[PDB]
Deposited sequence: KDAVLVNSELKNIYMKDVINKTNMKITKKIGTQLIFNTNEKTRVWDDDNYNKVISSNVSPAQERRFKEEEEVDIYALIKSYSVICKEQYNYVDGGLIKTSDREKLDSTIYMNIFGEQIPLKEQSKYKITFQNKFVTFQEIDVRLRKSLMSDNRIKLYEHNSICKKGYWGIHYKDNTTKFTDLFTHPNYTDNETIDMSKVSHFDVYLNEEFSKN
């Protein structure tokens, strides 16, 4: 299973900004990195690299891992976050986030919703936005030294009753560009202080 990390590291990882752009043509392509023109480098799996060709337009939603200036031009490094611009069908979805946990009032239980406008969204996007929403929540303060959440996980609860669970104290491997079909998603479930 993915190794559990501490608040300090998790906070550092998920507090960073994200790249959220559309119609980005892959300019250069080197190794396992798909480059775009500030320069955006997306580290992806050997498998995913094959599926993407240069000059191909890609929509990007990825958390930035680091920056580096090179010859007065800034580089933004990220893992995956790619969906072909031609793979984008529109769809308005307002998915509810149900938060469960001993200190969670019914009032905060289902007040959170995450809005999507494409039928297909990367899992990285859902995971990152869900974590950031939990991080800013005044009651929860996810990854803060002082947070009431010591451990936990969440899940995408599909309409067919199946679920996809993720440990909130781990850093998923986003290099595979896993994508979620939003039309098959019913809601999101957050399980605070519950063993994964």
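K.L.:
Could you list the ranges of the deposited sequence that have no C-alpha atoms in the model?
P.N.:
Missing CA coords at 38-51, 211-213.
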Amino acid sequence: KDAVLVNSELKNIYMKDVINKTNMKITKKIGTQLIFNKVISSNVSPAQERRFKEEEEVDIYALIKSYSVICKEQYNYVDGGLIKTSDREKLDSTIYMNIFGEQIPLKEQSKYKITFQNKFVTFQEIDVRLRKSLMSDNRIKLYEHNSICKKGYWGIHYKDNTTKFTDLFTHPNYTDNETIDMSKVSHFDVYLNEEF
From here on, numbers count along this sequence of modelled residues.
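K.L.:
Which has the higher mean CA temperature factor in the PDB entry, 102-110 or 122-130?
P.N.:
Taking the mean B-factor of the alpha carbons in each, 102-110 is higher.
K.L.:
Out of 46-54 and 60-68, which stretch has the higher average CA B-factor listed in the record?
P.N.:
The entry gives the higher C-alpha B-factor average to 46-54.
K.L.:
Sorting the chain's modelled residues by C-alpha B-factor, tell me whether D167 ends up in the lowest, middle or highest third.
P.N.:
Lowest third, going by the recorded CA B-factors of the chain.
K.L.:
Which third, lowest, middle or highest, does the C-alpha temperature factor of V39 belong to within its own chain?
P.N.:
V39: CA B-factor falls in the middle third of its chain.
K.L.:
Among the modelled residues of its chain, does the C-alpha B-factor of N76 lie in the lowest, middle or highest third?
P.N.:
As the PDB entry reports it, the C-alpha B-factor of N76 lands in the highest third of its chain.
K.L.:
Where does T115 sit by CA temperature factor within its chain: lowest, middle or highest third?
P.N.:
Lowest third.
K.L.:
Based on the deposited C-alpha B factors for this chain, I'd like to know if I140 is in the lowest, middle or highest third.
P.N.:
Middle third, going by the recorded CA B-factors of the chain.
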